[PDB]
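Peer 1: So I've got this experimental structure, pasted below with the sequence.
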Amino acid sequence: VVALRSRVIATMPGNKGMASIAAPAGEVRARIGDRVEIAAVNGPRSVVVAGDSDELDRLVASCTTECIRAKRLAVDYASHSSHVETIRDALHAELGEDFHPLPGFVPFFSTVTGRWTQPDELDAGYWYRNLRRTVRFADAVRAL
Amino acid sequence: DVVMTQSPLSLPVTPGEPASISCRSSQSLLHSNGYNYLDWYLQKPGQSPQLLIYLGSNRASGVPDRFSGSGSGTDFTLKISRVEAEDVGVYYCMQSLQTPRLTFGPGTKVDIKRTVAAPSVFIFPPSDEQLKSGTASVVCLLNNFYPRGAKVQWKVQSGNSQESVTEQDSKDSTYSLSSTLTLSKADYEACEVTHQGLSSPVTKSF
Amino acid sequence: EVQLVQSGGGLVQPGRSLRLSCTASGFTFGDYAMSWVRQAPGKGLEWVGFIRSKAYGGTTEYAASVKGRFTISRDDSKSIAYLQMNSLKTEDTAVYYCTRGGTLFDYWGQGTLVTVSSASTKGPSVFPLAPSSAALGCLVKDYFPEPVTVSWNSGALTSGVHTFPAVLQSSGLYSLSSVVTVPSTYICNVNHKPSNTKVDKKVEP
């Protein structure tokens, strides 16, 4: 799944990337714009952002004017948006063609739902949700 | 001649209850040394057999004293004092007098004892995509029946049916049968059982 | 303490040779007469043969069905008992055992699943079970060899699940029928480990 996802996604760089910052959800979510969305809220004051280029680079530059941990991700690729959602074959189902969901076992934790789930959704649909919806990691940590 | 060794080949035994399995020996296995020459073997389902009782009465070491044993010149009796959820398997009445030992005997189906249930005769016509795939397998499923003393008929006759009967589970303690009728293309265009759970045959077709 | 662990399983065609070794540890190997037992799947045991102790010397006595086909040897310094299979055929598809005595099989090896089948390794023909009006199942016909696990709702439903045993056809293939019994639209998945043929299935009446 991860190998094929990376293989197919290696073409989209040059259009957009992703960034990870520790900025309070409220402010960043107020000032996002021009094809920029919060990919993953990892806390009340830590959010991961997936937006288009020339402003997501300036989103971290919007985080160096406030002097916070600035890391322009050299692994920038496309996720949690529609530029990746267009391919419904290679990046939606060709990643995982085989899957064997487990029962309760020890409670794992998913994020895109924001709550604990059974391990029946862990398949190519989960990666489709990761590339389509947000992550809501903060709600996941609160539920944990 | 060969001594015919035959035990009641089925012993429905329930946990906490004393049972007793006997054996036929057509000839006399009480040898001149004063010791019987018969062996009691238990093949644990999914594991190797175990030596329970040798020389007719002498128990082996390692196995619990539950397996007590005795017998006459011909008639033998393994006095299983008590059965648990572990004591369920196949008991072999093996004579050790005239080597070779090719035949171990059919074996005794020792089963967790419970009252008689109603076999759920479930006729299942084969899927049509199988019929366009080149084969046909109608299955007459039997579920939750005990004891397992029924075979499924195939009328309207039989001869193409194979058996896939499962083992005994724990909390339900029943059996399940799979009469698979492998078939061919043209002959596609009924199953009944004679289990002691009922008396009249139940006839349901595809 | 005593162990008689075995080795030498595999998949063969009728007419070739196979290896079976009985590892001896914990005792004097030359005292007891090593014997070999064959257990047909799900039904009665059949005895193969034994070799007498070299202190006894004696001979190697075999079953009437394996005259001129199987031979048995023994050695003390390296302490391995041998069951040599030559000119194998269909009946030899069974789990063989290594027993500790010619007349007193007091010990019992764990069992090596020796399979002599003419089939080849390929995925199963998963064929469903449309309910009459009830229980829902899915046959797993035409598969080989026999590692297999069939779950329902992808390992979510466990009550009423009956993983029926292997079904031996004349073509050397296998068939399994896992069926659940519950009133209702269920998922059954079969995973054949050797071939990686992972089939998911939706069933309706």
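Peer 2: Looks like it arrived, so ask away. Numbers count the residues shown, from 1 in each chain, chains lettered A, B, ... in the order given.
Peer 1: all contacts plus neighbour counts: C-alpha atoms, from now on.
Peer 2: Noted.
Peer 1: Centre-most residue in chain A?
Peer 2: residue A:39 (4.3 Å; Cα atoms, centre = their mean).
Peer 1: That one is in contact with residue A:50, isn't it?
Peer 2: Yes - Residue A:39 is in contact with residue A:50 according to Cα atoms under 8 Å; the separation is 5.1 Å.
Peer 1: which one is residue 43 nearest to, not counting chain neighbours?
Peer 2: Picking chain A for this. Closest residue to residue A:43 apart from its sequence neighbours, by Cα to Cα, 6 or more residues apart in numbering or on different chains: residue A:138 at 4.4 Å.
Peer 1: could you do chain C instead?
Peer 2: Nearest residue to residue C:43, sequence neighbours excluded (Cα to Cα, 6+ apart): residue B:106, at 7.8 Å.
Peer 1: what number of residues lie near the one you found?
Peer 2: Neighbour count for residue B:106, taken as other Cα atoms under 10 Å in any protein chain shown: 18.
Peer 1: What distance do you get for it to residue B:126?
Peer 2: For residue B:106, the distance to residue B:126 equals 34 Å [Cα to Cα, to the nearest Å].
Peer 1: what does residue C:3 give?
Peer 2: From residue C:3 to residue B:126 the distance is 48 Å (Cα to Cα).
Peer 1: The two: who's more crowded?
Peer 2: Using other Cα under 10 Å as the criterion, residue C:3 and residue B:126 rank with residue B:126 on top: 25 against 15.
Peer 1: Am I right that the more buried one falls within a strand?
Peer 2: No - assessed with DSSP: H, G, I helix; E, B strand; the rest coil, residue B:126 is coil; it does not lie in a strand.
Peer 1: Please give the number of neighbouring residues around residue A:33.
Peer 2: For residue A:33, the number of neighbouring residues by other Cα under 10 Å comes to 14.
Peer 1: Surely it forms part of a helix?
Peer 2: No - read with three-state DSSP, residue A:33 is coil and lies in no helix.
Peer 1: residues touching it, list them.
Peer 2: Residues counted as contacts of residue A:33 (Cα atoms under 8 Å, 6 or more residues apart in numbering or on different chains): none.
Peer 1: Might you name the residue of chain C sitting closest to chain B?
Peer 2: residue C:47 (4.4 Å; Cα to the nearest Cα).
Peer 1: chain center to the helix or strand where that residue lies, what's the gap?
Peer 2: Assigned by DSSP states H and E, residue C:47 belongs to strand C:45-51. Relative to its parent chain, strand C:45-51 has a centroid offset of 17 Å by Cα atoms, centre = their mean, to the nearest Å.
Peer 1: The helix or strand following it: partners in the sheet, and parallel or antiparallel?
Peer 2: Under the assignment DSSP H and E, the closest C-terminal helix or strand after strand C:45-51 is strand C:60-62. As defined by DSSP bridges, the strand partners of strand C:60-62 come to strand C:45-51 (antiparallel).
Peer 1: Grab the most central residue of chain B for me.
Peer 2: residue B:109 (3.6 Å).
Peer 1: who touches it in this structure?
Peer 2: Taking Cα under 8 Å, 6+ apart, one finds B:9-12, B:89-91 in contact with residue B:109.
Peer 1: With residue A:48 instead?
Peer 2: By Cα under 8 Å, 6+ apart, the contact set of residue A:48 is A:18-22, A:38-42.
Peer 1: swap the cut-off to 7 Å and go again
Peer 2: A:19-21, A:38-41 (Cα atoms under 7 Å, 6 or more residues apart in numbering or on different chains).
Peer 1: can I see the domain layout of chain B?
Peer 2: B:1-113, B:114-206 (CATH domains of a matching chain).
Peer 1: Count residues in the vicinity of the closest residue to chain B within chain A, would you?
Peer 2: Closest residue of chain A to chain B, Cα to the nearest Cα: residue A:103 (20.4 Å). By other Cα under 10 Å, the residues close to residue A:103 number 16.
Peer 1: Please report the distance of it from residue C:117.
Peer 2: Going from residue A:103 to residue C:117 by Cα to Cα gives 35 Å.
Peer 1: what does residue C:62 give?
Peer 2: Distance of residue C:62 to residue C:117, computed by Cα to Cα: 23 Å.
Peer 1: Let me see the contact set for the residue of chain C closest to chain B.
Peer 2: B:101-103, C:36-38, C:63.
Peer 1: returning to what we had before: what is in contact with residue A:39 and residue A:50 at once?
Peer 2: The contact sets of residue A:39 and residue A:50 overlap at residue A:80 (Cα under 7 Å, 6+ apart).
Peer 1: picking up where we left off before, how would you label the residue nearest to the centre of chain B: helix, strand or coil?
Peer 2: Relying on three-state DSSP, one would call residue B:109 strand.
Peer 1: So which residues on chain A come close to chain C?
Peer 2: Applying Cα under 7 Å from any Cα of the partner chain, we find that chain A lies next to chain C at A:98, A:100-103.
Peer 1: Switch the residues you listed over to TSV; also include distance to residue A:4 and secondary structure.
Peer 2: Listed next are those as TSV, based on distance: Cα to Cα, whole Å; DSSP: H, G, I helix; E, B strand; the rest coil:
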residue	distance to residue A:4	secondary structure
A:98	13	coil
A:100	19	coil
A:101	20	coil
A:102	23	coil
A:103	27	coil
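Peer 1: List only those of those residues flagged as buried.
Peer 2: Buried subset of the residues of chain A next to chain C (neighbour count, 16 or more other Cα atoms under 10 Å in any protein chain shown): A:98, A:100-101, A:103.
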